[PDB]
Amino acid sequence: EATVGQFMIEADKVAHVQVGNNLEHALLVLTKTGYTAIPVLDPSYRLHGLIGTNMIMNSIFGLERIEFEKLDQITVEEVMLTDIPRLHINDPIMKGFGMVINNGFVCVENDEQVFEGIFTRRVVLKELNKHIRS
């Protein structure tokens, strides 16, 4: 029937950061793109975790103030969420639907564990609204 890969946002459309970048870079990309959380990839386009604005803010809470000057001394890999669900391009759409109940999006990878895209709540809701309306 319908698969995750047929509805995901394809990897070339996905904003991300690379392993090794610092949090100033990651916060700048998040702020310019407007996204709340985005994938962390490596040169091989393998997925290592997710980095989000609230993770970043929590990592610079100092004894007395929010220590924005610390952002360029922290790498994204020290802060990124690594325990995340993963889908396969060929997984049934209903499996993706289940996984976005508790996740705003889930990353999709292929047989080689290369990042292929993201499966988001929006794309599920759009397809569900269509089905429910008809």
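All residue numbers refer to positions in the sequence shown, first residue = 1. Between two forms, the rigid core is defined as the largest C-alpha subset superposing within 1.5 Å.
Inset, instruction - Once the rigid core is lined up, would you tell me whether 63-71 or 50-58 has the higher RMS CA deviation in 4 other deposited structures of this protein? - result: Clearly, after the core fit, the stretch farther away in 4 other deposited structures of this protein is 63-71.
Inset, instruction - Return whichever of 29-37 or 105-113 has the larger RMS Cα deviation from the displayed form in 4 other deposited structures of this protein, where every structure is aligned on the rigid core. - result: With the rigid core superposed, the C-alphas that lie farther in 4 other deposited structures of this protein are those of 105-113.
Inset, instruction - Compare the mean C-alpha B-factor of 22-30 with that of 59-67 as given in the PDB entry, and name the stretch with the higher value. - result: Per the PDB record, 59-67.
Legend entry - Mean C-alpha B-factor comparison - 97-105 and 39-47, higher one: Higher mean C-alpha B-factor: 39-47.
Legend entry - Relative C-alpha B-factor of residue 125, binned into the chain's lowest, middle or highest third: CA B-factor rank for residue 125: middle third.
Inset, instruction - Would you mind ranking residue 11 by its C-alpha B-factor against the rest of the chain and naming the third, lowest, middle or highest? - result: Tercile = middle for this residue's CA B-factor.
Legend entry - Record-listed C-alpha B factor of residue 53: chain third: For residue 53, whose C-alpha B-factor we compare with every modelled residue in the chain, the answer is the lowest third.
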